[PDB]
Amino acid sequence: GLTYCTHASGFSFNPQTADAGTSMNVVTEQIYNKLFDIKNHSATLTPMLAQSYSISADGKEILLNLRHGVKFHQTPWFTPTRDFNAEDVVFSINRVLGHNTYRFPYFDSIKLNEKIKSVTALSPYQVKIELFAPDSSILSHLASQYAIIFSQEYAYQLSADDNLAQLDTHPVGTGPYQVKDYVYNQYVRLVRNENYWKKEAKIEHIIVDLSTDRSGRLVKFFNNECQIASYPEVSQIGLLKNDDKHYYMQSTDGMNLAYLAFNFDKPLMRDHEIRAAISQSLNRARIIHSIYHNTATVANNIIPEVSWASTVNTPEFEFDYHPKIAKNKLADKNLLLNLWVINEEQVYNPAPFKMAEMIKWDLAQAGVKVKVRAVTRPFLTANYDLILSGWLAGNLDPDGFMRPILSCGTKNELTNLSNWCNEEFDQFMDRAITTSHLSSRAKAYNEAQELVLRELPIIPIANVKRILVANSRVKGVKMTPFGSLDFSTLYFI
């Protein structure tokens, strides 16, 4: 038996209804399968519930050849009568599109229904996707944590009794692990799926512990009630070592960006002169040590270096810390600005309010008055001059993170906190998915990044590392920038 301890913050049996850029769902990574997986810095489509695919010459039609003999979980709440087929695929994508099955933040922010025309079953083992125009990002989005396949047989039985809410309370998937029992925001008890379509899970029983706070997580670990500890307290990390023979640490870089956005609804914030000066006033180097204790990189980029689309070696930032230039342009302007901070646990921010004080301090030195406000996620959904946020993405295709944050389509949404719209940026972004090749795609993505780093719609603060601690007994631990953790590969020695 293995125990995985992590935060109750962001816990869901459905990453589709969850707010985008906030989590990597460690639970749905084990109980649900996608059509494809992408687990390499080359973005190679690993076939999962889809054996293979082919794209029409014009680029507007994708055919998915689905795997045979795949069966859904046999749980107390559901007992399947048939194998996985095209009907389960058709139901799952049509739901997020808003089409006949007979708010999805991620899929809304990438505008899937504007990408996809139709998803239809040709054979029981063949699905046809119609596209409005060629999109080289479609299968990467269907390779993401958000594109899990649900049971059509289960949803038909649930819709029979108005019970379709149960889908997210009592799950049924094709994953290597199966849900046994749980208590909300406390624990999840997983059991190995015996009739899995791939190499079977090595550990029969896994418990996902959500109960303990960030501080007492390493406490529970060293008390041996916890064999893998995820997201530990940042100050506690500097107490640990890599020499120890009873525990090891594993870090990973990726798309985990903390940033500051300018509200472009504020006539002052639409001024490039003040935006470039505010950035010059911020000592982002000093923030990385006080907030992240060497578990982050000062970010002068939006696309991480682990992305296939990082062809720029992140050049020197033209609006980096210089308080003398900042003091001149801002003090004489006599500015007072409302800085909002989302009051929640952030994966890109261990201490978001502490950082908001360090920003309030750095800006006062250059003659800017900042008034920080603790704001809730739904209150924001219902005014700020600056907001402190970020993005965590496993999908390292910049269509999945740069489009939600900076595109015109998402301006009046929670994803684009800048309320920015640049038709030249949208130009590069649209171009980057009409071309199918990585050379062509990375060129347009670096052009858009270069535009973002000069127009300054956001100030990138940190390149954050996801950390975990594991016991020496536990082998088969592989932390990747591409997703959560695969519990299938875990085993004791």
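Residue indices: 1-based, along the sequence shown.
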How about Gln280: is it missing in a third or more of the other compared entries? no
Other entries modelling both neighbours but not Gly483, at least a third: no
According to the PDB record, deposited residues with no modelled atoms between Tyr102 and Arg103 number 10 or more
Going from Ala382 to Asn383, the deposited residues skipped in the model number 4 to 9
Entry B factor averaged over C-alpha atoms, 134-142 against 314-322: higher for 314-322
Quick note on 224-232 and 150-158: per-entry mean CA temperature factor is higher in 150-158
For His205, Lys180, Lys202, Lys333, the deposited C-alpha B-factor is largest at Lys333
When the entry's CA B-factors for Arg192, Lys411, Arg189, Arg217 are compared, the highest one belongs to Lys411
Tertile call for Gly98 (CA temperature factor, within chain, third-based) is the highest
The third of the chain into which the C-alpha temperature factor of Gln30 falls is the lowest
Of the three thirds of the chain ranked by Cα temperature factor, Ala356 occupies the highest
Split the chain's modelled residues into thirds by Cα B-factor; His68 lands in the middle
Quick tally, chain-level thirds of C-alpha B-factors: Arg466 sits in the lowest
